[PDB]
């Protein structure tokens, strides 16, 4: 980033804690450092999950060391150990802890790896140190978080053969379940006859990460953010991986057929059955909303559903947050889905079409000019 230019890019901590580690529901993620980072990122991403928050799930909570001046001057390793003790006392059902380093942790010489090792051996608990200091975009944060997953969680069951595997075992990697997206994808894959053994980090559990090396195929959604771990799993466990795109009926059908082609004939037949079952639904969605959206213009994984609704992706765009809103260009959030969703799968396509129609054709955009101006 060029200094002093008002960018929207996040930091490595946002990539690691916000994107990769935070959604893991049954773990407790300590925003290690001053109070700001954990507070701004608390429940800011709609990585949906099922659980009892504060008891067995902790995604929407903000655990922090709340660094003060004395922690900066004299270090915060002792505070980290005491904090881990208090976490164990007050949240006994947690299945592991991650320590997401904020900016000062790397600058004050704190060694969270040793504290993590000692406390984890003492409490027989997985404590994952992540050196995701914000000064290190979130792409590097993704890489650091993936390295932490590989080093501290992924190989935990390398010597364990007690899990019963099937040839239809797949792992959904890198789907952050925004608005339930991953769930909307999962129901298709299980309708195809596949068994979704692992799904992380969206609605993800630590056990699912540990079980990921036991699957027969890795299906990566956010390739950019988890390709490191995917290639590592290919190299070490010999697990093939492939990208999948469930955004819009065309991409969904193509991805389902590509995934089913990796398996036997029964999976392919079930894939055809799923496609036939859902064809009338997305066809009805298209019939309803494509006339309301044909010819509209929008400014890599998103072209599918837009084209399926008769829209053009690229000037005077009809669609492209608040800065564009002030210009009067209808805007949709590509990160939180504007607190809507899911957008993936056939059900997600229905929601996506309804949202596109409601935003593009809203009368609010036609009222920018006062009638006396």
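Numbering follows the first chain given and starts at 1.
| Is it true that at least a third of the other compared entries have no coordinates for residue 221? | Across the other compared entries, residue 221 is absent from none.
| task | Indicate yes or no: is residue 300 absent from the model in at least a third of the other PDB entries of this protein that were compared? | result | Across the compared entries, residue 300 is left out in at least a third.
| Missing residues, deposited sequence, between residue 270 and residue 271 (class: none, 1 to 3, 4 to 9, 10 or more) | Gap between residue 270 and residue 271: none.
| message | I'd like the number of residues from the deposited sequence that lie between residue 320 and residue 321 yet are not in the model, binned as none, 1 to 3, 4 to 9, or 10 or more. | response | Per the record, 4 to 9 deposited residues are absent between residue 320 and residue 321.
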